[PDB]
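Chemist: Shown below is the structure under consideration.
Cβ coordinates were reconstructed from backbone atoms using ideal geometry, including for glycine residues, and neighbour counts include every protein chain displayed. All of the numbers you see were taken from the coordinates with simple rules; none came from a lab.
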Ligand SMILES: Cc1cc2nc3c(=O)[nH]c(=O)nc-3n(C[C@H](O)[C@H](O)[C@H](O)COP(=O)(O)O)c2cc1C
């Protein structure tokens, strides 16, 4: 009862309930759709009018869905079947992927230890920062060495340069976490009097706020089932109908140039295939608009720090706050009338030529 | 096999192992590996005056079980009757 | 130091209308030293350094000709490390000049300096242990 | 959807009828309870009165239709076994149950490449119909609407694996006790869920029909009396025991004097009146302690009495004995956690999975008719709900570990109540953690209380060998623990009375020297035990036997053991001291109930005797100190000695790591085997302690001095033998070090008589040792010991299961198994006649 929880906060279930995918997937999408709409309505545009100004769109993980659906959008009357398509996909992703691999009690001993070691509260997706993709894959290959097929962990997201995300069963991800715990170094080690080459790896690692192992072999079973379900309802995405490029999460390609089903792709693109985020953000643009979840903790800023010096300028569309750095921009720029609403990030090559 | 028969046999096997242990060498490395890896002991308790066989099993863990332990998320605990009374008898401080 | 750079950035906000020449030296320089790499710090601080127009970024240490120095001017150097082009505003030459006709460096001393085979940034760390290209580190009083 | 719940009308002859309807049934077809009331207008004040006759029967009939899938027959003997139904555990019945009670343990959730396990809680789903039937017979006439659940527990029979998704389960309920009390009737039922012939777990439920009963003719009680231990010390003691007609042993001639008896009793009683018993049976085996501390049946307790008033047998044993309880408290309770729980919004979910369609929990009009606070939550829910907490937090979510759980339903709970339940670690029982819990509600009333037995983590005991013995070792424990005292004292006595010394003394104050005196008649008894010390030596068929104590003879007045340091470090005493300290310590642990059942064990050289003694009671405390003591005398004698009693041999402790990071185990083996063959001397690797770090070699002192120097060379030379083995041939590097050997071997042969081994880069001399034991050197001394052992380790004390799979020897490094396979490996490592025949004709299978 989404409407109920909204009206009487008193009745809203635990974060634990709200976060598990079957209800969290669809809701997140509604949040994104909802943001699209405040931007569209407040600009004086139709859904499609907004969409026309776009060189293209793309989502990260489950965000791919709304990007596809957003580009199929034309007029307000028509906007709603587009909404239906999006959230009825997310709903099935959520319901079926949960069924495939549902969270089970963490041995309190593990939770205890993982906590007094400043790591997260064990979940199906670990995020490792400041390690080569190669470096990370190395440690996981080691960890996986000792485990059975059904307990193995893989790279789910290559969000960026030295930023990755491994995923699998929480307990085996905790195992990787231990093998890592010895290989690192206390953050305030002060290796300033040690010669550079000779110094020790400092790096960050934490569990992410998610109930399920996205982009892992744990979910492959729900793949065929979800699609079989997607067909049993109105949902499908014809390349004819998408009006602007929707960059494939793995390829970096367009989803329109596709022999088979575009629906079936983005399902397998969220459930089984990795997200090579930088390669999927191949495009060139002046401005990137972030409609996805979580203010400055969200996808926009991540992609921004990937691009920094290249003249791309990210704007967080869902949060009216203030950046002390003007590193990126918040909700305001999208609507400002002054020349103050047209900011661009430097391209060092040009600026300092 | 008949119970009485099993005894009789198992008996002489036991006495054989003990008699000849005298000459054959002590395969402790292989032994530790049996209970450390095949059995995956989490509490190995040494019953002796001082912690000699313990630090033995401890080195063995660092030397070989470094990775195994990590992945399989098994917390091992190595206790000597000599020095770790509290932990064996389950009687702690506050 | 990376912290040291961050300090200069603060002296910079201090008087935004004042020219500050941030001479980023490395660990591979002459005389006084540093345990620091010549690329890492700059590769890491560059973006922040560049949001202050009063900072004139100057790369120094390990340079001797227009040729090896050029890529740091193009901004092409930072490319080896999968980073956007990262161009510099000038260069300082400390060691390269010690032989010049007009430094007071003694005859036999200029002769000594030349005949030192250099060493790539690849292997400067070895100054801490062996003579490396005819150059060792040694600690002051 | 709306539906009829109650129907009120008249019937023939002025009888009000309240049709009380339950819609949630077994087949969807509504069931009904006919409540009948006499209307009578002649009593203006109380017109309506209830038809009481057959009232219980009508209520029973309706409960039957809801619980029992059988024909309504209330004609069981309450004494007859109730067979259940076979029951296959579907994957989904599990999903439903776990989710109904809220048990999110991964052991029950379908995961790839693992079979689904069923919660011990699930036992109630299986046995419910078999069990509940037990309170139904006419001879146990209750008002099922006033029925009350007191308790319910599950006990896993040892060795039985947990319920699985595959399993087919046969259930049997018997009804152990049915007694009329002041306040009401109590029925104690026992379920036994079996699988594939074998019994898997026991389920215990006790129910209560409140009310006033005179049913005495249909009341009976069986109880399992605790084990009584009795220490027959005196002669009148034995007399008093023989005085009782129920004391009945097999051979009346049995020497009770100085033994310890145990009485494992069951007393079966039948009531005939309020306080007076109708009959009292009391039977059980009488057992006697062996030296191994095993217990063997000696006879019977056989009591029988009509018109009794009390149990005489138990009263006797109470006053004249002690009561062995297997539960042993900790010193202080250790808190585990305090956890927040909730009861379900509706009860239908639990009712559906469990088969408890009792309307009390689901239909408000039934609840209200019974005068309950509302639609009470299934007590059985809270059992499973709380249990889940214990499972998670006390067993670290290892379903396997909880092997016992029990639950007392203190008070009722309504749906949507919050329940802080707290859990502490209270004590031990047989290696399992005893855990107590208590659950209070929002008004701080206690609602639940029970206990659980939880397996300890996988335990392995390793018993220490010689080398670390300290003066006073484990003497503190002698002062505090009773178990300890018994072990030491039994031994110390045996030593005093047969060899004339106190092992306690030697340990307590390390004596420089010690003389035995062969005094009077007892002095002379002692010295013969010294004079019979033989060391046999089978050499090419010939048996070269010598006296161990050369000098003790018919004219000796005393012997004297000597040691410049202190006799506690002379192996003949060292070994008993160690074995004793350990065996004592372990028996204290055993007494505190701290020893896991399935624990695996191993000992290091000497400690292997302590290990076998401690875990498998293969020998008496005295047999141990004996064997071990001779094992030491034996070692002292198997090597030729000087005037000053010097040795031609010794041991070196090596560390392949220190020679070279390259120098492997195969490298130390290789090097030692060459210096062995080359110099034609004796070096062999004796201790394999820590891979690539700690090894020990023994043998000819000269060969030890070569290896120690050969090694020193290979280090300063930086010789990677793993690399030279690739680049050169076998014969090539062979000769290569054969040369290195020969330059060092010259040097030590030219050294004085008993060469003094000195330190190395990776070699340390083991100061003390003089016998090359754990080499082949002692093969000749095998068959005299092999008889000594056989004379002290009797067939009857080797219980197979105590060793099988748990005991890791030293000869073999593989867990004891009595298999053709195993037997062969032993021959291979040893070559023994007794074995070879056995391997050769293994098909001695049939008696
Ligand atoms: C002989 C010699 C004397 C130096 N004296 C100073 C000084 O008084 N103050 C200062 O900030 N840097 C001093 N430096 C550091 C240089 O100015 C410059 O940072 C460094 O030499 C550049 O490294 P490079 O010689 O490899 O190009 C000296 C360097 C050398 C080789």
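Chemist: Spin-label point model (7 Å from Cα, Cβ direction): what's the residue A:41 to residue D:532 distance in nm?
Modeler: 10.6
Chemist: Divide by every residue of chain D the summed helix terms, -39500 (n - 2.57) for each DSSP H run of at least 4, and state the resulting mean residue ellipticity at 222 nm, rounded to the nearest 500 deg cm²/dmol.
Modeler: On the way: 24 runs with 263 residues, N = 847.
Using -39500 (n - 2.57) per qualifying helix, the result is -9500 deg cm²/dmol.
Chemist: Work out the FRET efficiency for residue D:550 and residue D:749 from their Cβ-Cβ distance, taking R0 = 45 Å, and round it to the nearest 0.05.
Modeler: That pair, residue D:550 with residue D:749, gives E of 0.90.
Chemist: Further question: For n ≥ 4 DSSP H runs only, could you compute -39500 (n - 2.57) per run for chain A, divide by its residues and tell me the 222 nm figure to the nearest 500? The partial results should precede the final answer.
Modeler: On the way: 14 runs with 150 residues, N = 353.
Value at 222 nm, helices only: -13000 deg cm²/dmol.
Chemist: Quote the convex hull volume per residue of region A:181-333, based on C-alpha atoms, as a whole number of Å³.
Modeler: Values: hull volume 31.5 nm³, N = 153.
Hull volume normalised by residue count: 206 Å³.
Chemist: What whole-number distance in Å separates the alpha-carbon centres of region D:8-75 and region D:374-393?
Modeler: 32
Chemist: Gain in length, residue D:248 to residue D:235, computed as 0.36 nm per residue apart minus the alpha-carbon separation, to one decimal in nm? Walk me through the numbers on the way to the answer.
Modeler: On the way: separation 13, 0.36 × 13 = 4.68 nm, distance 1.75 nm.
Value of the extension gain: 2.9 nm.
Chemist: Relative to the longest principal axis of chain B, what angle (0 to 90°, nearest 10) does the C-alpha long axis of helix B:3-20 take?
Modeler: Between helix and principal axis, roughly 70 degrees.
Chemist: Moving to a separate point now. So, in Å, what gap is there between the alpha-carbon centers of region A:200-226 and region D:635-658?
Modeler: Taking the Cα centre of region D:635-658 as reference, the centre of region A:200-226 is 61 Å away.
Chemist: Just check chain A against the gyration tensor rule for me: Cα atoms, a ≥ b ≥ c as the square roots of the eigenvalues, rounded for a/c under 1.5, and otherwise prolate or oblate depending on whether a/b exceeds b/c.
Modeler: Numbers: a/c = 1.66, a/b = 1.20, b/c = 1.38.
Judged from the Cα gyration tensor, chain A comes out oblate (a/c at least 1.5, b/c at or above a/b).
Chemist: Under 8 Å for C-alpha pairs, at least 6 residues apart: give me the relative contact order for region A:110-171, rounded to a whole percent. Spell out each step's value before the answer.
Modeler: On the way: 79 pairs, mean separation 24.6, N = 62.
Relative contact order here is 40 percent.
Chemist: Between residue D:260 and residue D:716, how high is the FRET efficiency from 1/(1 + (r/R0)^6) when r is the Cβ-Cβ distance and R₀ = 45 Å? Nearest 0.05.
Modeler: Values: r = 66 Å, r/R0 = 1.46.
The pair residue D:260/residue D:716 has a calculated efficiency of 0.10.
Chemist: Test of understanding: what is the full-extension gain from residue A:259 to residue A:15, defined as 0.36 nm times their sequence separation minus their Cα-Cα distance?
Modeler: My answer for the length gained is 83.7 nm.
Chemist: How shielded is D:575-585 by partner chains, expressed as the average number of their Cβ atoms within 10 Å of its Cβ atoms? Walk me through the intermediate numbers first.
Modeler: Numbers: counts 0, 0, 1, 2, 0, 0, 5, 5, 1, 1, 6.
The shielding value for this peptide is 2.
Chemist: 7 Å from Cα along Cα→Cβ at both residue D:836 and residue D:40: what's the point-to-point distance in nm?
Modeler: About 10.1 nm, to one decimal.
Chemist: Here is a follow-up. Quick check: residue separation of residue C:136 and residue C:40 times 0.36 nm, minus the Cα distance between them. What number comes out in nm?
Modeler: My answer for the length gained is 32.3 nm.
Chemist: Right, next: Place a label point 7 angstrom from the Cα of residue D:196 along the Cα-to-Cβ direction, then list the residues of region D:108-126 whose backbone nitrogen is under 16 Å away.
Modeler: Inside the label zone: D:115-118.
Chemist: Further question: Give the relative contact order (percent, whole number) for chain D; include only Cα pairs under 8 Å separated by 6+ residues.
Modeler: 8
Chemist: Across the residues of A:190-198, average count of Cβ atoms on other protein chains within 10 Å? Mind showing how you got there, number by number?
Modeler: Details: counts 0, 1, 6, 1, 1, 13, 13, 8, 3.
Per-residue shielding by partner chains comes out at 5.
Chemist: Using 7 Å Cα-to-Cβ label points, what is the residue D:57/residue D:731 separation (nm, one decimal)?
Modeler: 10.7
Chemist: Starting from the Cα of residue D:724, move 7 Å in the Cα-to-Cβ direction to define the label point; list residues of region D:658-688 whose amide nitrogen is under 11 Å from there.
Modeler: D:671
Chemist: Rounded to the nearest 0.05, what FRET efficiency do residue A:185 and residue D:497 give with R0 = 60 Å and r taken as the Cβ-Cβ distance? Could you check? Mind showing how you got there, number by number?
Modeler: Values: r = 65 Å, r/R0 = 1.09.
The formula returns an efficiency of 0.40 here.
Chemist: GNM on chain C, C-alpha springs below 10 Å: top fluctuator among C:125, C:76, C:102?
Modeler: C:102
Chemist: Separate question: Tell me the angle of helix D:607-616 to the major Cα principal axis of chain D, expressed in degrees between 0 and 90 and rounded to the nearest ten.
Modeler: In chain D, helix D:607-616 runs at an angle near 20 degrees to the longest axis.
Chemist: Given the peptides D:452-461, D:230-239, A:107-116, arrange them by the average over their residues of other C-beta atoms within 10 Å, most packed first. Mind dumping the intermediate values first?
Modeler: Working: D:452-461: 21.7, D:230-239: 13.5, A:107-116: 15.3.
Output ranking for D:452-461, D:230-239, A:107-116: D:452-461, A:107-116, D:230-239.
Chemist: Principal axis lengths of region A:104-211 from Cα atoms, whole Å, largest first?
Modeler: Here the spans come out as 47, 28, 25 Å, largest first.
Chemist: Continuing with the same structure: Classify region C:75-130 from the C-alpha gyration tensor, please: rounded if a/c falls under 1.5, else prolate or oblate depending on whether a/b exceeds b/c. Can you show the working numbers first?
Modeler: Values: a/c = 4.06, a/b = 1.67, b/c = 2.43.
Cα axes put region C:75-130 in the oblate bin.
Chemist: Sort D:380-386, D:580-586, D:409-415 by the packing proxy (mean of other Cβ within 10 Å over each peptide's residues), most packed first.
Modeler: Numbers: D:380-386: 25.1, D:580-586: 27.1, D:409-415: 17.7.
Those peptides, ordered most packed to least, come out D:580-586, D:380-386, D:409-415.
Chemist: In peptide B:77-90, what is the residue-averaged number of other protein chain Cβ atoms found within 10 Å of each Cβ? Before the final figure, lay out each step's value.
Modeler: On the way: counts 2, 1, 1, 2, 11, 7, 0, 0, 1, 0, 0, 4, 7, 11.
So the per-residue partner count for this stretch is 3.
Chemist: Still on this structure, I have one more. Relative contact order for region D:231-301 using alpha-carbon pairs under 8 Å, separation at least 6, rounded to a whole percent? Before the final figure, lay out the partial values.
Modeler: Values: 109 pairs, mean separation 21.7, N = 71.
Averaging sequence separation for qualifying contacts and normalising by length gives 31 percent for region D:231-301.
Chemist: Also: How far is the Cα center of region A:295-353 from the Cα center of region C:1-68, in Å?
Modeler: Result: 25 Å between the Cα centres.
Chemist: Ok, one more. With a 10 Å radius around each residue's Cβ, average the other Cβ atoms per peptide and rank A:159-166, D:1-8, highest first.
Modeler: Descending mean neighbour count gives A:159-166, D:1-8.
Chemist: Taking a ≥ b ≥ c as the square roots of the Cα gyration tensor eigenvalues, with a/c under 1.5 meaning rounded and otherwise prolate when a/b beats b/c, else oblate, which class fits the protein assembly as shown? The partial results should precede the final answer.
Modeler: Details: a/c = 2.73, a/b = 1.08, b/c = 2.52.
In terms of gyration-tensor shape, oblate.
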